[PDB]
Amino acid sequence: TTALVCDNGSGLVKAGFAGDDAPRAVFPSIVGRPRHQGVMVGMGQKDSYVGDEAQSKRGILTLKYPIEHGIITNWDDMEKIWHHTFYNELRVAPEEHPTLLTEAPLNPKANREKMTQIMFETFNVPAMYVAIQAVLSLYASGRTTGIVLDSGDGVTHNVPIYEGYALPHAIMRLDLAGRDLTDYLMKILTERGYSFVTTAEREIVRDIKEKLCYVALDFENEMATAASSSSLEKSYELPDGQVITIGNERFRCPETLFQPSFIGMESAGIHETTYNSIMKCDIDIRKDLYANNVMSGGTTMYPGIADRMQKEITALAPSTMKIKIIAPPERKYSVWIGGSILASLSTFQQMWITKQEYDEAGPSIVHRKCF
Amino acid sequence: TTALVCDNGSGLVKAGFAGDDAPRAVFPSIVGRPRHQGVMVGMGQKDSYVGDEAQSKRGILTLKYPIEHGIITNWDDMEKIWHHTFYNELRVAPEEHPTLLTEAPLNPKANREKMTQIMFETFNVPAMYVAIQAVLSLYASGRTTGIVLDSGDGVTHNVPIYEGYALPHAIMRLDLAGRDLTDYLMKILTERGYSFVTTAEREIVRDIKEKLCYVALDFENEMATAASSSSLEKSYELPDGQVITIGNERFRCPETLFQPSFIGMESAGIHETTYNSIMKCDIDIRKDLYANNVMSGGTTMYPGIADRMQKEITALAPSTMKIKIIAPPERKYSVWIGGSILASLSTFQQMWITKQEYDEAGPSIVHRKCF
Amino acid sequence: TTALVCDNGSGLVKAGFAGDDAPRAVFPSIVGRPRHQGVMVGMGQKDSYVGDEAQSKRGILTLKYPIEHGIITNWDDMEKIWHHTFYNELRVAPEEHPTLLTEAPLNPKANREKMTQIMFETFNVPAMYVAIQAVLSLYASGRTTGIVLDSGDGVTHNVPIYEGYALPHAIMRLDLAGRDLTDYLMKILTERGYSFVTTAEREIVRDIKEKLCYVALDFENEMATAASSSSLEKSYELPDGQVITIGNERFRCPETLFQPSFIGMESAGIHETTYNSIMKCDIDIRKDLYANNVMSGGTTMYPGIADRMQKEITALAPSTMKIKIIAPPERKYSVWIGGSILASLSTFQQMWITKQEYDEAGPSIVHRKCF
Amino acid sequence: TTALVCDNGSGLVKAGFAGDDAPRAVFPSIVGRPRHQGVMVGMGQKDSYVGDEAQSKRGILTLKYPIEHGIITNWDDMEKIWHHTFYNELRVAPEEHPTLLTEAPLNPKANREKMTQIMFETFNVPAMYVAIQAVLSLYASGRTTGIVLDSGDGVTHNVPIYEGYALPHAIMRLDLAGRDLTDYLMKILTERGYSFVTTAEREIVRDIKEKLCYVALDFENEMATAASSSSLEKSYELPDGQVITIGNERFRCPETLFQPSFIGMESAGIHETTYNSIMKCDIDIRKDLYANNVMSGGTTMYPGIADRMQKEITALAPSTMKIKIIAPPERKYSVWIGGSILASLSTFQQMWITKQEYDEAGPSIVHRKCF
Amino acid sequence: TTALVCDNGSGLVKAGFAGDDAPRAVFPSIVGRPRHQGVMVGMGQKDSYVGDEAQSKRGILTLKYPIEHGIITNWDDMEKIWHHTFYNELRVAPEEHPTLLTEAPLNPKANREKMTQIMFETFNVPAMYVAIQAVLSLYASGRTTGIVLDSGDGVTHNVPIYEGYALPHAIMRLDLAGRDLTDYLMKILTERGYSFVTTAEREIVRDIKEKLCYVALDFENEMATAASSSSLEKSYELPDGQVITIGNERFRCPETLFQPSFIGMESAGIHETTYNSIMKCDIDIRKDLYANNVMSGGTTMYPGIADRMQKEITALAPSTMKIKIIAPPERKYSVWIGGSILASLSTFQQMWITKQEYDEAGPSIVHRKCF
Ligand SMILES: Nc1ncnc2c1ncn2[C@@H]1O[C@H](COP(=O)(O)OP(=O)(O)O)[C@@H](O)[C@H]1O
Ligand SMILES: Nc1ncnc2c1ncn2[C@@H]1O[C@H](COP(=O)(O)OP(=O)(O)O)[C@@H](O)[C@H]1O
Ligand SMILES: Nc1ncnc2c1ncn2[C@@H]1O[C@H](COP(=O)(O)OP(=O)(O)O)[C@@H](O)[C@H]1O
Ligand SMILES: Nc1ncnc2c1ncn2[C@@H]1O[C@H](COP(=O)(O)OP(=O)(O)O)[C@@H](O)[C@H]1O
Ligand SMILES: Nc1ncnc2c1ncn2[C@@H]1O[C@H](COP(=O)(O)OP(=O)(O)O)[C@@H](O)[C@H]1O
Ligand SMILES: [Mg+2]
Ligand SMILES: [Mg+2]
Ligand SMILES: [Mg+2]
Ligand SMILES: [Mg+2]
Ligand SMILES: [Mg+2]
């Protein structure tokens with residue numbers, strides 16, 4: 001029977017079947033619960049809402065993310081999300097479908113242990129596997145060597161792979177992603193008089209960030225241009241009909257990716273993280289890591305980030321080297337595409353973790369069979 | 001046995017059976033007592049008259065309203081009204097009928113406490129329930145979301161409800177209703193030489209207000225038209241055969257709904273009250289509160305008030321929003337219709353307050369079982 | 001010449017001279033305008049009243065606050081307040097006195113821009129400066145490290161400072177303060193039959209809140225004690241001689257500081273806000289933030305709030321940590337005391353913004369010279 | 001030239017010059033016409049008699065009052081009264097004197113319209129003004145705040161004024177005054193066998209009421225004292241030499257001021273009218289309305305009415321309030337004294353309605369320039 | 001005058017006087033700079049902090065090590081460290097004290113060239129000398145023959161010396177020391193959910209490594225024991241009061257000394273490095289190198305490393321040989337003790353490099369006078 005590929009990110013869930021080109025079900029990973037007083041009896045009122053139903057009714061709901069910084073904090077809500085993506089969205093029975101799941105590098109065991117235990121004793125599958133998202137992003141690119149930067153909603157990580165061999169000592173993880181940018185835009189939108197304090201308007205600020213923000217090639221020149229004339233200002237329409245206008249905040253929000261000290265973090269930018277991941281490898285592969293910078297995730301979808309990354313890496317690298325950033329138009333779903341490519345391979349069918357080996361070894365085989 | 005739905009307003013009492021379309025008994029909530037000297041012996045003279053009997057004999061009676069601004073001030077007269085509406089009008093025994101009663105928001109406890117105590121120890125019912133009139137007005141409209149303005153004889157209140165969930169912090173109450181408009185018309189009818197000073201002629205002024213008054217779309221243009229030509233003047237016939245004529249007072253009387261400073265009140269108009277109730281809610285529901293303005297009560301029955309409300313709310317709201325005022329022709333009795341819909345539901349039968357729970361918990365369960 | 005320190009809160013104005021211990025002029029920030037019809041000619045009738053004159057004549061006035069939630073909404077009224085506090089209360093000429101002003105964190109630019117423009121082109125000063133109120137509250141405490149919670153009439157904010165260095169990413173702002181508590185007490189005083197609907201009786205409800213309210217150590221035990229016996233009931237005398245009595249409402253009103261869901265807000269309490277501000281900082285300073293909780297403002301003057309805050313923070317913090325709440329008896333004016341300490345320092349005289357730099361740079365230097 | 005102050009009451013006319021302490025001409029407002037057959041030729045027989053000439057010849061005249069309940073019913077007789085008070089009593093030419101006139105509150109327009117038209121086209125004045133009698137009664141008292149009860153021959157009205165600002169929604173008008181008391185004494189004087197049926201003996205009954213009537217402090221104790229012993233009986237001498245004796249009727253006649261049901265009226269007493277006028281105002285001014293009860297008019301000249309009013313208002317008001325009734329010895333003419341004070345003010349000279357503005361605006365400016 | 005002995009390691013600085021038993025000043029070699037925004041004026045704020053002052057204030061500082069892998073990378077910070085250890089800690093004038101300094105083998109010239117230039121033109125000394133740390137570690141042991149392994153914070157080196165004659169072709173240098181172990185513990189502490197990402201918490205991880213880590217005698221048996229029962233788990237208290245618990249990571253961290261492939265290095269362990277250094281010497285001295293294995297440095301202070309080293313060397317050496325590891329309790333400071341012994345010898349006073357020879361030969365005599 002067809003295998004299931006489910007990418008469980010911190011903000012979005014992308015589930016579908018192996019062998020397909022696009023994920024069938026893409027929905028936000030939120031659980032909404034009522035916060036006001038119900039006065040009308042009956043009419044099918046539910047105590048919880050999952051996915052697009054929580055987003056459509058978000059004016060009377062408190063929204064919670066079960067995953068924070070790539071780590072599942074609430075397990076009942078995560079089970080609700082998995083039940084919704086198995087029975088309501090994909091409309092399949094999980095007892096007859098192997099499931100491929102994704103996970104961020106440098107994570108604790110207990111996330112993967114409880115993931116395997118929930119997938120084998122609650123939504124009991126014939127087989128399961130946990131894969132690294134950067135290896136799938138390199139699978140979707142069609143190449144073998146390269147350094148992958150995957151930035152999503154909680155985790156931004158750099159993983160270099162040369163000729164199918166990964167270097168785990170150069171894998172870097174940074175807890176700066178799109179939710180931090182949404183919080184920073186929430187903070188700096190009060191600088192013009194716009195107040196967004198609750199969880200429902202966090203989605204509005206996230207929509208503003210998705211539609212109107214961009215990465216500047218030169219930061220100081222863009223701030224000088226924004227201070228000189230009002231040519232970079234853009235208008236947005238609120239759901240209640242109000243119109244807001246933003247200026248430099250279109251490029252100050254993603255600049256925290258390159259300058260984390262805007263939100264008080266001591267770490268370096270993503271360009272310096274990529275460069276330090278390259279020079280922590282062997283020297284004879286660094287050239288092949290310079291021409292194969294693969295970018296994946298929804299956070300890498302700003303329309304100025306590839307040229308800016310090429311500029312900073314060329315400023316850091318020696319001048320005799322070719323820097324080439326790979327930014328495909330479908331890099332928002334490249335982890336799922338790589339998972340669908342990997343699950344359809346004939347050489348992958350011996351690497352599943354079946355139910356018999358789970359019963360024989362306990363929930364600890366997942367660290368000796370996966371990476 | 002069939003449940004009883006009784007709407008006890010400040011000016012009118014509407015009682016009937018659950019499952020019906022119209023209330024069976026609609027009569028004014030007045031108690032009349034003689035004020036002159038009786039000279040003929042016997043002939044069935046009573047010390048008090050309740051309802052239409054007090055209205056027909058009002059020339060020799062002092063009329064008192066037991067409810068003022070939604071609060072019951074006289075309890076013996078209110079017991080007389082309840083006895084009249086149980087034994088004389090509805091012609092039922094209250095020991096075998098559950099009773100549903102209505103109440104205004106932001107009221108004291110002691111009204112509801114003594115209401116439950118009188119209904120359980122004097123007209124002892126198998127069950128009773130107290131409901132919010134705006135929820136019943138939304139029940140009669142057939143919809144789930146909307147902001148309800150209910151204006152009657154004592155209380156004008158705004159309650160917003162989104163998807164069956166009410167927002168109690170945006171509930172607004174204003175003590176300006178039809179009795180204040182009757183008093184203002186009583187005051188400004190002396191400006192043409194007509195003197196109405198007693199309680200019997202207050203009913204005549206109320207009849208003049210019901211038949212001849214209307215809400216102007218533009219106030220200053222209508223005053224200019226009334227000062228220019230005598231085309232807005234209307235004639236009324238008094239019970240003694242006198243004929244009076246009124247001009248601008250047809251639209252100056254309900255203008256106190258939009259300008260309370262005519263009677264010396266510092267509060268804003270009903271349109272500003274509705275707009276401030278909408279913007280005190282969550283933003284993502286405000287659009288659904290803009291297209292579902294539900295109007296209920298006898299005070300909203302002037303033939304100019306819906307267009308005027310749409311004009312003022314569209315002037316207050318942003319221009320990209322759709323304002324739609326819901327004014328059904330049967331909105332004078334919509335609270336009773338919603339009560340009859342609610343009492344006939346199969347999911348409501350577990351929300352009654354029976355006599356056993358009243359004996360177990362005392363007369364204080366009515367604040368933990370009702371809203 | 002002596003510098004002027006003026007704290008412009010949302011409800012109160014505290015103005016005086018630098019180097020003093022107490023503010024010279026403390027008066028409410030209200031502008032009153034007549035709403036009735038004047039019938040006596042002459043006798044010095046004014047079109048507006050500012051300060052204590054508006055409070056003494058409040059029975060015939062509509063009172064407006066120029067500042068709402070720390071943001072100046074009306075600028076002519078704010079200019080009237082500044083003219084009253086410069087020429088009538090302090091009795092000084094502003095052309096020969098530098099002025100120090102206070103402002104809430106996370107505010108828009110345009111408040112500070114128009115503040116500098118009004119202070120330099122209408123009440124033209126030799127120099128001016130805008131300071132953060134939490135830094136002044138830490139100045140008045142005499143210490144260097146600590147986390148300051150300042151709660152006034154519009155803004156409740158948490159700012160942590162370690163060894164003179166502030167952490168702006170942990171600064172939290174919540175729009176729940178004493179005016180919201182006054183409105184909630186206005187709402188729940190109708191539950192006993194007391195109606196306060198106008199702006200003049202809002203001051204009466206504020207006086208009731210100032211004299212009779214207190215913070216409960218345990219909320220459920222206090223509600224059980226109030227429901228059991230009438231030992232917590234207190235009586236208050238209205239200006240017209242009426243006597244009211246309140247029970248649980250003495251501690252239900254400030255409980256909105258710890259449970260904002262009483263007024264429909266999704267935010268957490270002030271204790272959780274302080275704890276989340278502490279854990280958003282660096283770890284090695286958190287111990288010094290646990291023993292130096294500094295409380296300032298008039299909203300922190302309830303006689304139960306320090307012990308309750310210590311209890312909730314000790315419940316949130318690990319058990320090996322020392323929690324100490326700093327609540328001095330003069331914390332109602334600690335912002336002014338810190339401003340007077342800062343303006344008298346010899347190292348502060350190079351940080352003024354003079355008129356020449358204002359003319360050279362325009363009204364935009366105030367964001368590069370102040371914080 | 002000196003302005004004219006003319007108080008046109010329902011029973012008396014008080015005319016004089018501005019700046020004086022007492023009115024120059026005080027005469028009854030009656031027009032007498034012959035009713036018998038004249039038999040002697042010539043000797044200067046007139047078809048009408050106005051003022052004291054009609055009172056001295058009242059045995060052969062029918063006397064008519066042109067003003068009934070503060071409203072002018074006969075305009076030719078009112079023009080005769082104005083001609084008599086301009087040319088015969090004051091002995092002035094009205095073409096060179098501005099005239100100040102008084103009027104009761106809650107009156108029709110057409111009284112004031114025809115008053116202005118007659119004063120500008122028949123007794124054509126350079127300027128004219130119409131003022132409220134209660135504002136003049138507060139002017140004569142020398143104070144600014146207070147609630148004025150003015151009771152004369154047709155109208156008893158309560159007007160509260162705080163700090164020069166009047167509250168028109170608390171202005172109360174009652175059509176019970178000295179002519180109703182004269183009619184009630186005329187009715188109850190037949191209970192001892194004395195018949196007064198014509199208009200000439202109405203003046204005799206009015207004289208009996210002025211000389212012999214008084215207000216009882218306790219009504220039931222005084223009726224018990226009158227029924228026990230004949231110590232309250234007083235004797236009066238008729239113009240034909242007959243001697244009458246009255247007992248309880250000395251205090252039963254003004255008791256209709258406190259109990260209108262003696263003459264079949266449903267309204268409350270003057271004390272309840274004053275108390276309801278006080279509590280219909282703002283709360284913060286009610287204390288200043290409790291210590292400044294100003295009494296004016298000839299009906300308030302009974303020698304028991306101030307103590308009785310203090311007793312009933314103290315019984316109605318809460319016990320922590322100071323009730324003080326202001327009853328000056330010259331309160332019979334206080335409206336004229338206040339008019340003379342107002343017409344002599346230098347700030348009043350811009351509030352006259354001149355002949356040019358009357359020609360420009362028609363006879364309708366008097367409602368936009370006066371109150 | 002007394003000579004100064006200053007051991008400048010990669011992590012610690014140990015300075016003192018010749019002829020003493022213990023170093024007077026031991027402090028970390030860190031320079032801290034502020035990273036947040038200063039808001040309080042004056043109060044002695046410094047732009048840099050050196051030594052224990054940077055460690056005590058590390059929550060608001062970025063900490064930098066001037067020496068990396070035994071090579072000085074930042075020279076201004078190294079001059080700051082030398083100024084702090086000359087003027088603030090030792091409290092001496094460097095113009096009257098000769099200074100003895102230490103250096104790692106197989107280092108570049110330019111470190112020693114700039115060291116001599118800074119010591120002669122900035123902190124100008126009468127004389128200076130640079131010595132090999134292993135020769136000083138053999139001086140402190142009191143013996144003449146032996147092979148010294150010195151492992152500190154950046155450099156782990158093996159130097160064999162027989163009868164006072166060193167063999168430079170058998171000197172081995174490996175860039176694996178305590179900072180690499182701290183980084184590996186930082187990496188593997190995320191495996192249990194503990195995140196340490198900044199430079200301040202690197203000191204916390206270093207403290208955890210110093211207090212809780214140990215070297216296992218048999219690695220696989222210890223991993224089996226840790227996987228079987230929780231008897232090797234230890235708890236540590238964070239500065240913010242949090243309690244962490246570690247299991248196998250107590251012995252996985254120093255196992256990188258024996259298995260460098262844990263951090264991706266191709267080199268052999270320290271036991272194989274020592275054995276290959278022994279067999280690269282002459283055969284007739286190897287016996288004297290087998291019984292005189294001298295261990296020095298802070299990295300050799302784990303409480304399992306001597307027995308493990310004896311086990312691995314006895315497994316590598318032939319069975320007829322006596323293996324004896326010399327691990328004195330004061331081997332953390334043995335380089336300074338040997339420097340103090342060498343600087344107090346009467347035969348060493350002719351081997352100083354004075355200022356005259358520095359002026360005559362330039363800064364290149366230090367490679368022909370030292371080793
Ligand atoms: N067009 C866009 N521009 C900027 N950011 C985007 C865009 N689309 C999505 N994002 C951001 O990407 C984040 C999630 O991306 P993705 O990696 O696909 O999901 P997840 O992180 O759940 O795996 C969201 O937080 C969103 O803010
Ligand atoms: N056609 C009408 N036009 C204007 N006002 C009306 C009309 N019909 C009724 N009213 C007013 O509505 C008030 C009562 O309305 P309703 O809400 O039905 O009763 P209650 O207030 O007792 O619940 C009365 O005071 C009356 O003046
Ligand atoms: N004793 C008190 N108890 C409770 N609240 C108080 C007390 N005194 C003042 N307040 C509240 O403090 C608020 C203003 O405090 P403060 O911060 O000094 O002024 P501002 O907010 O204008 O800076 C007022 O709204 C008032 O309700
Ligand atoms: N001493 C008195 N005692 C009682 N009533 C009096 C007395 N003097 C005058 N009145 C009454 O006052 C009435 C008129 O008073 P006043 O207000 O001065 O005149 P007007 O009503 O015409 O303005 C008369 O009807 C008269 O009966
Ligand atoms: N008790 C201990 N256990 C394990 N490691 C230690 C201990 N004490 C110190 N260290 C390590 O030794 C290193 C420095 O040792 P040392 O050689 O004395 O200083 P330097 O390397 O600066 O010359 C530090 O990185 C520290 O982690
Ligand atoms: Mg992802
Ligand atoms: Mg109703
Ligand atoms: Mg303040
Ligand atoms: Mg009068
Ligand atoms: Mg060393």
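Quick note: numbers below take in every heavy atom, side chains included, and nothing from hydrogens, waters or symmetry partners. Labels below follow one simple rule: chain letters A, B, ... track the order of the sequence lines, proteins then strands, and each chain is numbered from 1. Both ligands and their constituent atoms are indexed starting at 1 by order of listing.
- For the pair C:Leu12/C:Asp153, no side-chain contact is recorded, criterion being any heavy-atom separation below 4.5 Å from C-beta on.
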Mind listing the N or O contacts between ligand 1 and protein, cut-off under 3.5 Å?
from: ligand 1; atom 1: 5 (N); to: A:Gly298; atom 2: O; distance (Å): 3.4
from: ligand 1; atom 1: 10 (N); to: A:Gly298; atom 2: O; distance (Å): 3.3
from: ligand 1; atom 1: 17 (O); to: A:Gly298; atom 2: N; distance (Å): 3.4
from: ligand 1; atom 1: 21 (O); to: A:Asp153; atom 2: N; distance (Å): 2.7
from: ligand 1; atom 1: 22 (O); to: A:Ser10; atom 2: N; distance (Å): 3.3
from: ligand 1; atom 1: 22 (O); to: A:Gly11; atom 2: N; distance (Å): 2.9
from: ligand 1; atom 1: 22 (O); to: A:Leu12; atom 2: N; distance (Å): 2.6
from: ligand 1; atom 1: 22 (O); to: A:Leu12; atom 2: O; distance (Å): 3.3
from: ligand 1; atom 1: 23 (O); to: A:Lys14; atom 2: NZ; distance (Å): 3.1
from: ligand 1; atom 1: 25 (O); to: A:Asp153; atom 2: OD1; distance (Å): 2.3
from: ligand 1; atom 1: 27 (O); to: A:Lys209; atom 2: NZ; distance (Å): 2.7

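- For the pair E:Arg179 and E:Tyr65, the distance from NZ or CZ to the six-membered ring centre is under 6.0 Å and the angle to the ring normal is within 45 degrees.
- Every residue two or more places apart in sequence or in another chain that forms a salt bridge (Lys or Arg N to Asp or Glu O under 4.0 Å) with E:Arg112 is listed here: E:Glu103.
- Closest non-hydrogen pair, C:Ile270 versus C:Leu174, comes out as CG2-CD2, 4.4 Å.
- Using a cutoff of 4.0 Å between basic side-chain nitrogens and carboxylate oxygens, A:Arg252 and A:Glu255 are not scored as salt-bridged.
- Checked by atom type and distance alone, the side chain of A:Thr102 never pairs as donor or acceptor with a backbone atom of A:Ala131 at under 3.5 Å.
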